[PDB]
Every structure is written in C-alpha cells, then in structure tokens.
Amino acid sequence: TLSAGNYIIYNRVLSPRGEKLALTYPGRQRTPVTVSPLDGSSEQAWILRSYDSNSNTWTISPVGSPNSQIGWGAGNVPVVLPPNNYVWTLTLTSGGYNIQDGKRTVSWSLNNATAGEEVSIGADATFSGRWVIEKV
C-alpha cells in the first residue's frame, strides 16, 4: 500500500521509441505539467503526502519546490501552484494507479503518450489513464 515519501510517476504507455514517460515539473508554477523520458532528474521526483487517509487523497509536490502542490489547471492540465490543499485520489486498480480528483469525476491520462506531452485531466483512457508509482 502506498506510503508518503518521494516517488517517480510514469505512464503505463511508453513513448513510440519505448521510453518510460515520467511526470515532469516544468521548472515554474502555473505551467502545464508534462511527461518526458525517464532520466533521473529532480524534475521527475515528487513528494507524496497523505492528506485525508480515509479518502485516499494525497498532495503531490515537486522535490525542487517542496511547498508547492499540483493543482487543476485551466484547459484541464495539471499545474503547480502555491499550496491550498489541492489533493488527488490515488487508487491502485488491477490496471495500475488511477489518478483522480477528490470526487473521482476525472482521471489523468495521456492523449498520444509522447515525449513532452501535457498530462490531460478528463475521461479515463484505456492504458494511458493508468500510472506506475515507484519509490525513489
């Protein structure tokens, strides 16, 4: 069962060249969060903190800006923001992690699963709507 700590978060769907596509901090706030080939950089490392354990909700912070939190951006993409109790449900399904809002109305997915793609917040897509979360 997931515990609080530092993680990489990558998609079940590889890039066309076979690279694991890891959730990537874009270096500043209010800017879409993307995926890029797994490379061990700090931009790919995220702090998961348990918010409401009874609802399975978590805050997600970049290791490089550990006080900020991933929130829900305009145009339905995640962006990093000053803290304000922005939380996500992290459900381990038989198909991997479903990353959803608190109310489980939307899921994070990738439209094409390519290097540099923005993460989409919306309908639960087969395969690209599932994630792998591994401890650093």
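Position 1 is the first residue in the sequence shown; the rest follow in order.
Comparing 49-57 with 84-92, the one whose average Cα B-factor in the PDB entry is higher: In the deposited entry, the stretch with the higher C-alpha B-factor mean is 49-57.
Largest Cα B-factor, entry values, listed residues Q69, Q44, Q29, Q100: Going by the entry's C-alpha B-factors, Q29 comes out highest.
Among modelled residues of the same chain, the CA temperature factor third for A74: For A74, whose C-alpha B-factor we compare with every modelled residue in the chain, the answer is the highest third.
Cα B factor band for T114 (lowest, middle or highest third within the chain): Highest third.
Entry-reported Cα temperature factor of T126, expressed as the chain third it lands in: It falls in the top third of the chain.
Relative C-alpha B-factor of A4, binned into the chain's lowest, middle or highest third: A4: CA B-factor falls in the middle third of its chain.
Record-listed C-alpha B factor of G64: chain third: For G64, whose C-alpha B-factor we compare with every modelled residue in the chain, the answer is the middle third.
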